[PDB]
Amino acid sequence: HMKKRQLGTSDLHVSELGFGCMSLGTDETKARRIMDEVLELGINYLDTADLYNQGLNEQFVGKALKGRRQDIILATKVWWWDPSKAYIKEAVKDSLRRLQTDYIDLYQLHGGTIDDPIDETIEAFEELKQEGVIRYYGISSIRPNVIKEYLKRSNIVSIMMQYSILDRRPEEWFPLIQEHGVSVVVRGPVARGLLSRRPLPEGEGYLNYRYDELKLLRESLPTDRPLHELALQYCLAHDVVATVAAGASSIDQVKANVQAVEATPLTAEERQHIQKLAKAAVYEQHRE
């Protein structure tokens, strides 16, 4: 019942819910148990990169892939900052060794800026792709100047962005991304718990929302779906979004995310109501 979407123009067909950001823990047996359940739910997209400062243990994920690697789409990212070709090419070797596999499906640049050596970076990814060490590459960025450079100059297939009802800054860039045949991978779709059952911490805001505005918005949003489901479905209602990496701290939370993603898509009345009710901010920094 887990649907898939094409990632950009690539041959990667990713589950609409992806898995990432878990302390799979200290015990291998239980980590493998968690992974078996993730895959049983029809999730086929595993991103080992840190999201909100938690990644996936590559040694454990490697052991979970045993016997089924061909059916899983594996993503990773690229201490001493060294922005060279040689660094990008050497970093992926480490992940491959830990993962006990010989290719990565999607290799993603984190920490990019417009002052980086952009041709060198693109060349490193293209050389890895031509050699088959990776199948495709992408970036993780909320900087429009970085995004525009890689859309114009490279063959990225994906951009990972923080995106939710409460952070609609990405939407400005969706037409440009889609015109280039690129997809968005979403992080933070539940706004780190602000679009769930957890209390809004008193007095605290979120981006350009004050506390009182978060309270009013929770209450004014449609109530015929749980808020968590409305949040995930709002992200998915945009064709540019290929997959959402929602946070989880347990198998029960993964199962809740799966149930929400497999719910009925938003209609027009629903998506429009949300667009009108929620702020539509833009990025202030790194625009050009």
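Residue indices: 1-based, along the sequence shown.
* Asked: As recorded in the PDB entry, how many deposited residues are without coordinates between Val78 and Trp79: none, 1 to 3, 4 to 9, or 10 or more?
  -> In the record, 10 or more residues between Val78 and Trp79 lack coordinates.
* Asked: Once you work out the mean C-alpha B-factor for both 149 to 157 and 210 to 218 from the entry, which is higher?
  -> Comparing 210 to 218 with 149 to 157, the higher mean C-alpha B-factor belongs to 210 to 218.
* Would you mind comparing 52 to 60 and 25 to 33 for me and telling me which has the higher average C-alpha temperature factor in the entry? => Per the deposited B-factors, the answer is 25 to 33.
* Residue of maximum C-alpha B factor among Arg187, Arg135, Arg198, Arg192, per deposited coordinates -> It is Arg198.
* Asked: Which one, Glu202, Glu127, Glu172, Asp105, has the peak C-alpha temperature factor per the PDB entry?
  -> Largest recorded C-alpha B-factor: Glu202.
* In terms of the chain's CA B-factor thirds, is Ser164 lowest, middle or highest? -> Its C-alpha B-factor, which the entry lists for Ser164, ranks in the lowest third among residues of this chain.
* Asked: Thinking about Cα B factors across the chain, which third does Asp11 belong to?
  -> Middle third by C-alpha B-factor.
* **Third of the chain, ranked by Cα B-factor, where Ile72 sits** => For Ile72, the deposited C-alpha B-factor lands in the middle third.
* **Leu109 - which third its CA temperature factor falls in, relative to the rest of the chain** => Within its chain, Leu109 is a lowest-third residue by C-alpha B-factor, going by the deposited values.
* Taking the C-alpha B-factors as the PDB entry records them, is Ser250 in the lowest, middle or highest third of its chain? -> Tercile = highest for this residue's CA B-factor.
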